[PDB]
$ cat final24.pdb   # PDB, C-alpha atoms
ATOM      1  CA  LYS A   3       5.876  20.728  -0.788
ATOM      2  CA  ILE A   4       5.621  17.038  -0.164
ATOM      3  CA  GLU A   5       8.468  15.482   1.615
ATOM      4  CA  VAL A   6       9.088  11.754   2.104
ATOM      5  CA  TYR A   7      11.466  10.666   4.887
ATOM      6  CA  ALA A   8      12.670   7.097   4.345
ATOM      7  CA  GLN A   9      15.564   4.693   5.496
ATOM      8  CA  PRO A  10      17.046   1.432   4.285
ATOM      9  CA  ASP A  11      15.409  -1.937   4.701
ATOM     10  CA  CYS A  12      11.984  -0.268   4.977
ATOM     11  CA  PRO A  13       9.292  -2.180   3.183
ATOM     12  CA  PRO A  14       6.556   0.346   4.231
ATOM     13  CA  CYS A  15       8.676   3.132   2.674
ATOM     14  CA  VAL A  16       8.759   1.402  -0.651
ATOM     15  CA  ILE A  17       5.058   0.833  -0.548
ATOM     16  CA  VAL A  18       4.314   4.500   0.310
ATOM     17  CA  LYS A  19       6.481   5.638  -2.551
ATOM     18  CA  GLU A  20       4.711   3.353  -4.988
ATOM     19  CA  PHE A  21       1.397   4.762  -3.851
ATOM     20  CA  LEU A  22       2.655   8.315  -4.424
ATOM     21  CA  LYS A  23       4.064   7.454  -7.799
ATOM     22  CA  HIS A  24       0.897   5.734  -8.966
ATOM     23  CA  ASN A  25      -0.907   8.991  -8.053
ATOM     24  CA  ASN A  26       1.746  10.995  -9.882
ATOM     25  CA  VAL A  27       2.518  13.049  -6.792
ATOM     26  CA  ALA A  28       5.407  15.533  -7.060
ATOM     27  CA  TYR A  29       7.470  14.796  -3.865
ATOM     28  CA  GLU A  30      11.031  15.083  -2.664
ATOM     29  CA  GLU A  31      12.641  12.193  -0.812
ATOM     30  CA  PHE A  32      15.210  12.099   1.981
ATOM     31  CA  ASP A  33      17.183   9.204   3.592
ATOM     32  CA  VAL A  34      17.408   9.591   7.406
ATOM     33  CA  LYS A  35      20.086   6.885   7.424
ATOM     34  CA  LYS A  36      22.568   8.630   5.089
ATOM     35  CA  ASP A  37      21.503  12.220   5.845
ATOM     36  CA  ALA A  38      21.840  13.575   9.391
ATOM     37  CA  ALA A  39      20.148  16.878   8.468
ATOM     38  CA  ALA A  40      17.054  14.908   7.236
ATOM     39  CA  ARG A  41      17.146  12.909  10.464
ATOM     40  CA  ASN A  42      17.126  16.023  12.582
ATOM     41  CA  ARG A  43      14.232  17.430  10.636
ATOM     42  CA  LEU A  44      12.310  14.164  11.160
ATOM     43  CA  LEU A  45      12.768  14.364  14.937
ATOM     44  CA  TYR A  46      12.715  18.159  15.583
ATOM     45  CA  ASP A  47      10.535  19.681  12.853
ATOM     46  CA  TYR A  48       8.105  16.773  12.588
ATOM     47  CA  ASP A  49       8.302  15.158  16.033
ATOM     48  CA  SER A  50       8.596  11.668  14.341
ATOM     49  CA  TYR A  51      10.650   8.637  15.348
ATOM     50  CA  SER A  52      10.161   6.443  12.289
ATOM     51  CA  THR A  53       9.967   5.985   8.593
ATOM     52  CA  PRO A  54       8.177   6.397   6.326
ATOM     53  CA  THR A  55       7.059   9.880   7.378
ATOM     54  CA  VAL A  56       5.386  11.940   4.759
ATOM     55  CA  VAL A  57       4.883  15.697   5.136
ATOM     56  CA  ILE A  58       2.143  17.174   3.038
ATOM     57  CA  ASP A  59       1.915  20.966   3.141
ATOM     58  CA  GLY A  60       3.515  20.671   6.599
ATOM     59  CA  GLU A  61       0.985  17.997   7.811
ATOM     60  CA  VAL A  62       2.843  14.958   9.154
ATOM     61  CA  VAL A  63       1.854  11.412   8.347
ATOM     62  CA  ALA A  64       4.175   9.193  10.546
ATOM     63  CA  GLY A  65       4.781   5.504   9.907
ATOM     64  CA  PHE A  66       2.907   3.249   7.532
ATOM     65  CA  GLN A  67      -0.531   4.697   6.974
ATOM     66  CA  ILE A  68      -1.467   4.430   3.304
ATOM     67  CA  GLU A  69      -5.101   5.672   3.826
ATOM     68  CA  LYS A  70      -4.059   9.092   5.169
ATOM     69  CA  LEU A  71      -1.965   9.820   2.111
ATOM     70  CA  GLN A  72      -5.334   9.429   0.232
ATOM     71  CA  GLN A  73      -6.979  11.838   2.745
ATOM     72  CA  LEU A  74      -4.498  14.690   2.385
ATOM     73  CA  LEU A  75      -3.292  14.486  -1.213
ATOM     74  CA  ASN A  76      -6.693  13.960  -2.909
TER
ATOM     75  CA  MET B   1     -11.682 -21.114  -2.830
ATOM     76  CA  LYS B   2      -8.465 -20.651  -0.929
ATOM     77  CA  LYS B   3      -8.825 -18.827   2.373
ATOM     78  CA  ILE B   4      -7.126 -15.705   1.049
ATOM     79  CA  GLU B   5      -7.087 -15.105  -2.703
ATOM     80  CA  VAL B   6      -5.496 -12.129  -4.458
ATOM     81  CA  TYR B   7      -6.484 -11.349  -8.036
ATOM     82  CA  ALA B   8      -3.935  -9.205  -9.831
ATOM     83  CA  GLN B   9      -2.523  -8.443 -13.285
ATOM     84  CA  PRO B  10       0.644  -6.848 -14.725
ATOM     85  CA  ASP B  11       1.025  -3.074 -14.901
ATOM     86  CA  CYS B  12      -1.172  -2.664 -11.875
ATOM     87  CA  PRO B  13       0.546  -0.575  -9.205
ATOM     88  CA  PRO B  14      -2.452  -0.862  -6.813
ATOM     89  CA  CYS B  15      -2.069  -4.647  -7.047
ATOM     90  CA  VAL B  16       1.594  -4.377  -6.164
ATOM     91  CA  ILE B  17       0.756  -2.134  -3.217
ATOM     92  CA  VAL B  18      -1.809  -4.626  -1.960
ATOM     93  CA  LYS B  19       0.517  -7.603  -2.337
ATOM     94  CA  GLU B  20       3.372  -5.769  -0.609
ATOM     95  CA  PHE B  21       1.031  -4.685   2.181
ATOM     96  CA  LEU B  22      -0.021  -8.326   2.635
ATOM     97  CA  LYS B  23       3.632  -9.484   2.574
ATOM     98  CA  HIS B  24       4.656  -6.908   5.121
ATOM     99  CA  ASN B  25       1.889  -8.210   7.347
ATOM    100  CA  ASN B  26       2.987 -11.818   6.721
ATOM    101  CA  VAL B  27      -0.384 -12.830   5.375
ATOM    102  CA  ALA B  28      -0.694 -16.365   3.929
ATOM    103  CA  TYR B  29      -2.340 -15.583   0.557
ATOM    104  CA  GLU B  30      -2.482 -17.239  -2.909
ATOM    105  CA  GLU B  31      -2.357 -15.027  -5.934
ATOM    106  CA  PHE B  32      -3.688 -15.244  -9.466
ATOM    107  CA  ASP B  33      -2.861 -13.251 -12.645
ATOM    108  CA  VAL B  34      -6.088 -12.613 -14.490
ATOM    109  CA  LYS B  35      -4.300 -11.803 -17.748
ATOM    110  CA  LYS B  36      -2.384 -15.162 -17.748
ATOM    111  CA  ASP B  37      -4.976 -17.351 -16.065
ATOM    112  CA  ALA B  38      -8.350 -17.332 -17.888
ATOM    113  CA  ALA B  39      -9.972 -19.439 -15.126
ATOM    114  CA  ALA B  40      -8.942 -16.879 -12.506
ATOM    115  CA  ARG B  41     -10.290 -14.082 -14.736
ATOM    116  CA  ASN B  42     -13.625 -15.869 -14.945
ATOM    117  CA  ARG B  43     -13.797 -16.276 -11.201
ATOM    118  CA  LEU B  44     -13.056 -12.535 -10.702
ATOM    119  CA  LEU B  45     -15.746 -11.430 -13.194
ATOM    120  CA  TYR B  46     -18.478 -14.045 -12.822
ATOM    121  CA  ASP B  47     -18.063 -15.581  -9.327
ATOM    122  CA  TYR B  48     -16.915 -12.541  -7.469
ATOM    123  CA  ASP B  49     -18.728  -9.826  -9.424
ATOM    124  CA  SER B  50     -15.640  -7.598  -9.601
ATOM    125  CA  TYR B  51     -14.482  -5.804 -12.747
ATOM    126  CA  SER B  52     -10.948  -4.884 -11.826
ATOM    127  CA  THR B  53      -7.811  -5.726  -9.878
ATOM    128  CA  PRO B  54      -6.735  -5.843  -7.188
ATOM    129  CA  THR B  55      -9.576  -7.874  -5.761
ATOM    130  CA  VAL B  56      -8.997  -9.888  -2.587
ATOM    131  CA  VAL B  57     -11.302 -12.679  -1.333
ATOM    132  CA  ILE B  58     -11.061 -13.330   2.421
ATOM    133  CA  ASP B  59     -12.973 -16.413   3.630
ATOM    134  CA  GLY B  60     -15.486 -15.738   0.844
ATOM    135  CA  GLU B  61     -15.800 -11.989   1.344
ATOM    136  CA  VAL B  62     -14.950  -9.953  -1.751
ATOM    137  CA  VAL B  63     -12.940  -6.754  -1.385
ATOM    138  CA  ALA B  64     -12.948  -5.062  -4.739
ATOM    139  CA  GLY B  65     -10.370  -2.459  -5.707
ATOM    140  CA  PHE B  66      -7.966  -0.539  -3.437
ATOM    141  CA  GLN B  67      -9.409  -0.767   0.078
ATOM    142  CA  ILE B  68      -6.516  -1.061   2.530
ATOM    143  CA  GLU B  69      -8.472  -0.349   5.757
ATOM    144  CA  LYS B  70     -11.195  -2.869   4.826
ATOM    145  CA  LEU B  71      -8.474  -5.492   4.143
ATOM    146  CA  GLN B  72      -6.879  -4.792   7.463
ATOM    147  CA  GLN B  73     -10.222  -5.208   9.232
ATOM    148  CA  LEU B  74     -11.151  -8.460   7.489
ATOM    149  CA  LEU B  75      -7.704  -9.993   7.941
ATOM    150  CA  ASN B  76      -7.731  -9.400  11.692
ATOM    151  CA  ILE B  77      -4.155  -8.138  11.390
ATOM    152  CA  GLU B  78      -3.939  -4.685  12.786
TER
END

$ encode --input "final24.pdb" --output "structure tokens"
Amino acid sequence: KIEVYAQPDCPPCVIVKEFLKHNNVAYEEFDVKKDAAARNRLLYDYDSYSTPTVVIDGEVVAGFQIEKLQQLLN
Amino acid sequence: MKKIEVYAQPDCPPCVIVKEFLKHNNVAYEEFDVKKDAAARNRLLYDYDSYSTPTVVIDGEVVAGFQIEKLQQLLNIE
């Protein structure tokens, strides 16, 4: 239900994950570097060019925006 | 006071998030551990009127707790 799209050497990705963990959010994570299917979903399903991208109930939070995770997750 | 002060402690994920945010933005801050540094703890509580970490002081202005957008604004970094 919550999906995190991340890639190597991505400091904002690590930060977003720590925020989700601290909030005990139940997410699944994908690597758009290793995983071409995840990459295609990032571009074609979510119309996003960058990581981190977080999808919450199909709402797309693209790039490094810690305050919106707070908005949409509670 | 240093221009940018970060008050933190161990086992404080919001503190880690704030410090990493500041690092990613290449902010020139000084940090203090209020568990290990009793003087820093006293400044947090008695000078800055804040009861928890993270607390960031930016040119004298106290930002208590996890306030990323307010940090961004005060640091003139966005």

$ resolve_selection --input "final24.pdb" --expression "the PyMOL selection byres ((chain A) within 10 of (chain B))" --output "ChimeraX atom specification"
/A:12-14,16-21,23-25,66-69

$ resolve_selection --input "final24.pdb" --expression "the PyMOL selection byres ((chain B and resi 54) around 7)" --output "PyMOL selection string"
chain B and resi 6-8+14-15+52-53+55-56+64-66

$ resolve_selection --input "final24.pdb" --expression "the PyMOL selection byres ((chain B and resi 26-30) around 8)" --output "PyMOL selection string"
chain B and resi 2-6+22-25+31-32

$ atom_distance --input "final24.pdb" --atom1 "CA of residue 36 (chain A)" --atom2 "CA of residue 70 (chain A)"
26.6 Å

$ atom_distance --input "final24.pdb" --atom1 "CA of residue 36 (chain B)" --atom2 "CA of residue 58 (chain B)"
22.0 Å

$ atom_distance --input "final24.pdb" --atom1 "CA of residue 8 (chain A)" --atom2 "CA of residue 28 (chain A)"
15.9 Å

$ closest_residue --input "final24.pdb" --among "A:41, A:46, A:76, A:6" --to "residue 63 (chain A)" --atoms "all atoms listed in the file"
A:6

$ residues_around --input "final24.pdb" --residues "residue 9 (chain A)" --least-positions-apart "2" --cutoff "12 Å" --atoms "only C-alpha atoms" --output "ChimeraX atom specification"
/A:6-7,11-16,31-38,40-41,44,51-55,65

$ residues_around --input "final24.pdb" --residues "residue 58 (chain A)" --least-positions-apart "2" --cutoff "8 Å" --atoms "all atoms listed in the file" --output "list in words"
residues 3, 4, 5, 56, 60, 61, 62, 63, 74 and 75 of chain A

$ write_last_selection --input "final24.pdb" --atoms "C-alpha atoms" --output "PDB file, in the frame of the given file"
ATOM      1  CA  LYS A   3       5.876  20.728  -0.788  1.00  0.00           C
ATOM      2  CA  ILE A   4       5.621  17.038  -0.164  1.00  0.00           C
ATOM      3  CA  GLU A   5       8.468  15.482   1.615  1.00  0.00           C
ATOM      4  CA  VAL A  56       5.386  11.940   4.759  1.00  0.00           C
ATOM      5  CA  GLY A  60       3.515  20.671   6.599  1.00  0.00           C
ATOM      6  CA  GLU A  61       0.985  17.997   7.811  1.00  0.00           C
ATOM      7  CA  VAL A  62       2.843  14.958   9.154  1.00  0.00           C
ATOM      8  CA  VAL A  63       1.854  11.412   8.347  1.00  0.00           C
ATOM      9  CA  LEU A  74      -4.498  14.690   2.385  1.00  0.00           C
ATOM     10  CA  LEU A  75      -3.292  14.486  -1.213  1.00  0.00           C
TER      11      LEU A  75
END

$ residues_around --input "final24.pdb" --residues "residue 49 (chain B)" --least-positions-apart "5" --cutoff "10 Å" --atoms "all atoms listed in the file" --output "JSON, numbers by chain"
{"B": [42, 43, 44, 62, 64]}

$ decode --input "final24.pdb" --residues "region 6-22 of chain B" --atoms "C-alpha atoms" --output "tab-separated table (two decimals), in the first residue's frame"
chain	number	residue	atom	x	y	z
B	6	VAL	CA	21.99	21.46	16.69
B	7	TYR	CA	20.97	19.87	19.99
B	8	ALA	CA	20.60	16.11	19.75
B	9	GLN	CA	20.87	12.92	21.81
B	10	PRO	CA	21.26	9.17	21.12
B	11	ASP	CA	18.27	7.04	20.14
B	12	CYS	CA	16.62	10.01	18.53
B	13	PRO	CA	15.63	9.25	14.94
B	14	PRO	CA	14.17	12.77	14.42
B	15	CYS	CA	17.59	14.15	15.38
B	16	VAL	CA	19.26	11.92	12.83
B	17	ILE	CA	16.77	13.04	10.18
B	18	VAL	CA	17.46	16.68	10.96
B	19	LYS	CA	21.23	16.24	10.92
B	20	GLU	CA	21.11	14.30	7.64
B	21	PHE	CA	18.81	16.93	6.13
B	22	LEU	CA	21.32	19.62	7.16
